[PDB]
Amino acid sequence: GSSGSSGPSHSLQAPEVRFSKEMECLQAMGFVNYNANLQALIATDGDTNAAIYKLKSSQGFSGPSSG
């Protein structure tokens, strides 16, 4: 809808909004799974590393990449 633009957080704000900067970083990596990342984030209270560690762990159609 509106690219960027976001004021301060008064109280009780969206999750993805809070961990947005992350959701974006995740995507870059390839973690498009939003509904997942989002939850994962909330599960890590805003933590990419963990978020990743968790996501990665999860083995249910995401993106098989090894080497």
# chains A, B, ... in the order shown; residues from 1 in each chain; ligands from 1
>>> residues_around(residues="stretch 38-41 of chain A", least_positions_apart="4", cutoff="12 Å", atoms="only C-alpha atoms", output="PDB file with C-alpha atoms, in the first residue's frame")
ATOM      1  CA  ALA A  14       1.729  -5.061  14.475  1.00  0.00           C
ATOM      2  CA  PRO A  15       4.358  -7.807  14.728  1.00  0.00           C
ATOM      3  CA  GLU A  16       5.817  -7.809  11.236  1.00  0.00           C
ATOM      4  CA  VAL A  17       5.954  -4.054  11.693  1.00  0.00           C
ATOM      5  CA  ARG A  18       8.129  -4.509  14.757  1.00  0.00           C
ATOM      6  CA  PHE A  19      10.278  -7.208  13.200  1.00  0.00           C
ATOM      7  CA  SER A  20       9.946  -5.777   9.712  1.00  0.00           C
ATOM      8  CA  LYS A  21      13.578  -4.804   9.283  1.00  0.00           C
ATOM      9  CA  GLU A  22      14.072  -8.509   9.872  1.00  0.00           C
ATOM     10  CA  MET A  23      11.365  -9.830   7.582  1.00  0.00           C
ATOM     11  CA  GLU A  24      13.151  -7.870   4.881  1.00  0.00           C
ATOM     12  CA  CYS A  25      16.562  -9.261   5.751  1.00  0.00           C
ATOM     13  CA  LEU A  26      15.060 -12.735   5.831  1.00  0.00           C
ATOM     14  CA  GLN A  27      13.595 -12.347   2.363  1.00  0.00           C
ATOM     15  CA  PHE A  31      13.166 -16.853   3.517  1.00  0.00           C
ATOM     16  CA  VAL A  32      10.053 -15.628   1.747  1.00  0.00           C
ATOM     17  CA  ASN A  33       7.969 -17.608   4.208  1.00  0.00           C
ATOM     18  CA  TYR A  34       6.299 -14.632   5.846  1.00  0.00           C
ATOM     19  CA  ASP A  45      10.974 -11.771  20.109  1.00  0.00           C
ATOM     20  CA  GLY A  46      12.797 -10.254  17.159  1.00  0.00           C
ATOM     21  CA  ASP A  47      15.799 -12.469  16.518  1.00  0.00           C
ATOM     22  CA  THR A  48      17.122 -13.224  13.054  1.00  0.00           C
ATOM     23  CA  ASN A  49      19.834 -15.648  14.101  1.00  0.00           C
ATOM     24  CA  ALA A  50      17.430 -17.705  16.177  1.00  0.00           C
ATOM     25  CA  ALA A  51      14.659 -17.123  13.665  1.00  0.00           C
ATOM     26  CA  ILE A  52      16.952 -18.642  11.065  1.00  0.00           C
ATOM     27  CA  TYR A  53      18.216 -21.425  13.299  1.00  0.00           C
ATOM     28  CA  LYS A  54      14.598 -22.327  13.951  1.00  0.00           C
ATOM     29  CA  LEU A  55      13.355 -21.942  10.397  1.00  0.00           C
ATOM     30  CA  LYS A  56      16.289 -23.917   9.049  1.00  0.00           C
ATOM     31  CA  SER A  57      15.593 -26.658  11.564  1.00  0.00           C
ATOM     32  CA  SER A  58      11.999 -26.841  10.395  1.00  0.00           C
TER      33      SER A  58
END
>>> select_by_dssp(residues="chain A", states="helix (DSSP H, G or I)", output="VMD selection string")
chain A and resid 15 to 18 20 to 29 34 to 44 48 to 57
>>> atom_distance(atom1="atom CA of residue A:12", atom2="atom CA of residue A:28")
27.3 Å
>>> atom_distance(atom1="atom CA of residue A:4", atom2="atom CA of residue A:42")
21.2 Å
>>> atom_distance(atom1="atom CA of residue A:62", atom2="atom CA of residue A:1")
26.6 Å
